[PDB]
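Notes to accompany the following structure.
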Amino acid sequence: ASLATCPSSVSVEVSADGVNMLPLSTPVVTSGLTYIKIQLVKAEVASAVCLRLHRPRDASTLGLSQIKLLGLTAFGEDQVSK
Amino acid sequence: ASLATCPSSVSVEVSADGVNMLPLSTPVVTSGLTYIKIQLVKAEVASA
């Protein structure tokens with residue numbers, strides 16, 4: 001409804017062991033985006049994730065609706081050619 | 001109310017004589033801006 005409060009850029013840091021927190025890339029810009037998709041080409045073994053959301057371009061507040069964490073569990077063509 | 005449709009960048013061109021249309025600068029990004037302000041340091045005599 002009011003995405004003027006959407007963060008300008010978000011920086012994701014992951015932790016397989018849950019303590020060593022390492023960045024993944026430069027903060028991806030998110031201003032003016034209705035649907036935030038961050039694809040991971042390589043599926044990452046993660047126990048802890050830190051989301052550093054930066055201040056919006058023309059706002060001092062953050063308005064958020066839902067966080068989804070899409071992944072696979074341990075037991076939940078090109079792969080043979082090599 | 002719904003600024004998801006706000007343009008990403010605007011490129012302003014002026015014409016003192018109204019025919020020779022020429023750019024002023026690189027398009028300034030504007031996505032996620034509620035108030036679009038372009039300050040002109042040197043005031044410009046523009047007809048178009």
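How things are named: the first chain in the structure tokens is A, the next is B, and so on; residues count from 1 in each chain; ligands count from 1 in the order shown.
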Test item: chain A residues at most 6 Å from chain B, counting only C-alpha atoms, as a count of residues only
4
Compile the contact shell of residue 13 of chain B as a list in words: residues with an atom at most 9 Å away, counting only C-alpha atoms, same-chain residues fewer than 4 positions apart removed.
residues 21, 22, 23, 24, 25 and 48 of chain B
Residue contacts of residue 19 of chain B (9 Å, only C-alpha atoms) excluding same-chain residues fewer than 3 positions away, as a PDB file with C-alpha atoms, in the first residue's frame:
```
ATOM      1  CA  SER B  15      15.242  24.813 -25.875  1.00  0.00           C
ATOM      2  CA  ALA B  16      15.799  28.543 -25.572  1.00  0.00           C
ATOM      3  CA  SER B  47      10.973  28.169 -24.254  1.00  0.00           C
ATOM      4  CA  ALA B  48      10.459  24.404 -24.792  1.00  0.00           C
TER       5      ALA B  48
END
```
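Taking only C-alpha atoms, the non-local environment of residue 10 of chain A within 6 Å (same-chain residues fewer than 4 positions away omitted) comprises residues 27, 28, 52, 53 and 54 of chain A.
Using only C-alpha atoms, the smallest distance between any of A:34, A:39, A:2, A:47 and residue 20 of chain A comes from A:47.
Running DSSP on the backbone gives strand (DSSP E) for these residues within chain A: residues 9, 10, 11, 12, 13, 14, 15, 22, 23, 28, 29, 48, 49, 50, 51, 52 and 53 of chain A.
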Which of chain A counts as alpha helix (DSSP H) under DSSP, as an NGL selection string please?
:A and (78-81)
Output N, CA, C and O atoms for every residue in that selection, as a PDB file, in the first residue's frame.
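Written output follows (result.pdb):
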```pdb
ATOM      1  N   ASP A  78      21.776 -32.324 -17.789  1.00  0.00           N
ATOM      2  CA  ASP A  78      23.102 -31.762 -17.551  1.00  0.00           C
ATOM      3  C   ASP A  78      23.770 -32.387 -16.330  1.00  0.00           C
ATOM      4  O   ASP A  78      25.003 -32.430 -16.257  1.00  0.00           O
ATOM      5  N   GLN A  79      22.981 -32.877 -15.369  1.00  0.00           N
ATOM      6  CA  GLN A  79      23.527 -33.498 -14.165  1.00  0.00           C
ATOM      7  C   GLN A  79      24.159 -34.862 -14.423  1.00  0.00           C
ATOM      8  O   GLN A  79      24.812 -35.399 -13.522  1.00  0.00           O
ATOM      9  N   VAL A  80      23.987 -35.428 -15.615  1.00  0.00           N
ATOM     10  CA  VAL A  80      24.608 -36.696 -15.970  1.00  0.00           C
ATOM     11  C   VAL A  80      25.666 -36.555 -17.060  1.00  0.00           C
ATOM     12  O   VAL A  80      26.549 -37.422 -17.150  1.00  0.00           O
ATOM     13  N   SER A  81      25.613 -35.494 -17.877  1.00  0.00           N
ATOM     14  CA  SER A  81      26.508 -35.353 -19.026  1.00  0.00           C
ATOM     15  C   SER A  81      27.970 -35.240 -18.606  1.00  0.00           C
ATOM     16  O   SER A  81      28.856 -35.750 -19.302  1.00  0.00           O
TER      17      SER A  81
END
```
